[PDB]
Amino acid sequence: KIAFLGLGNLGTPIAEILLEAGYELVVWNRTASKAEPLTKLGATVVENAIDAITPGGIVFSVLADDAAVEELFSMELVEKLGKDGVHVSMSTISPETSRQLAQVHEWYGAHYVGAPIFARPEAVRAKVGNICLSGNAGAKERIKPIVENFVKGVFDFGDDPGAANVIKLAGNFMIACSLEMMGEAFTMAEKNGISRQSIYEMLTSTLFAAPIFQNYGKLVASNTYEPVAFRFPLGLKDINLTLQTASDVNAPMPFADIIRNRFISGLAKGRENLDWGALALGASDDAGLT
């Protein structure tokens, strides 16, 4: 019944909840072995993504980037999805990529729903994550009861298929700013003979007592960016999507320029295998603490 394309760190747990909730899934992944835990839960697997699509049915996708979504959602695949078909596109991609693809879906009477997820894999299993939806109202109304199974909050951002994507980029931009201001602040404290952990504990106990600052603050305090939750080069990819998006509506983003340079400089320093949180090491570099 429901096609599910892309079974990475988020696709796997998302698909497991939809199977547990009684939905029939036909799944696919570029790496075929990732789908076998879902076959035990009732799902069916196919060798080619187009074999998973039902004319007028629902297809979910969760892929790494803009090129992965465009490569998969070819004209011939979208045409099979066809009239009244609905694509719930959960990848973190550009508003422009979403609006372009949404346009192609409407050629065949199908609907593209921009559905970026605000959840790390643990938050999905715990169903404490959130989703933003944008696109056709009838199509959002059809899939809203499905996505309620793996998130707490569902936020609607209207008709524009790329609007929810703007919110996701803005959210990730604010996370990156939080990392940077803590790097700066904790380095200033450190060079003043104050432990990074003590300033972190005080400030996030009170003023900055939100999950982003407590989870990311511990990384910045210890300045240990291993194990990896999101690979370092992927932070650069995301801030560049934000900068492109803002530039296209003539909006400067001075903080985002600084974040971008932290990633570029970090790659010059051989930090490609660290977590994206390691952008916060730039403040340590500049203050001579390498």
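In this text, residue numbers run from 1 along the sequence as written.
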> Can you tell me which stretch has the higher mean Cα B-factor, 215-223 or 115-123?
Replying inline: 115-123
> Given the B-factors recorded for C-alpha atoms, which segment has the greater mean, 178-186 or 195-203?
Replying inline: 195-203
> Per the coordinate record, which of the options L234, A256, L241, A229 holds the highest CA temperature factor?
Replying inline: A229
> Among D84, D156, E96, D160, which carries the highest Cα B-factor?
Replying inline: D84
>> For the chain shown, is the CA B-factor of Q100 in the lowest, middle or highest third of its modelled residues?
In response: middle
>> Quick check on the deposited entry: does the C-alpha B-factor of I131 sit in the lowest, middle or highest third of its chain?
In response: middle
>> Can you tell me whether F73 has a C-alpha B-factor in the lowest, middle or highest third compared with the other modelled residues of the same chain?
In response: middle
> Should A67 be placed in the lowest, middle or highest third of its chain by the C-alpha B factor in the entry?
Replying inline: middle
>> What third of the chain does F263 rank in for C-alpha temperature factor, lowest, middle or highest?
In response: lowest
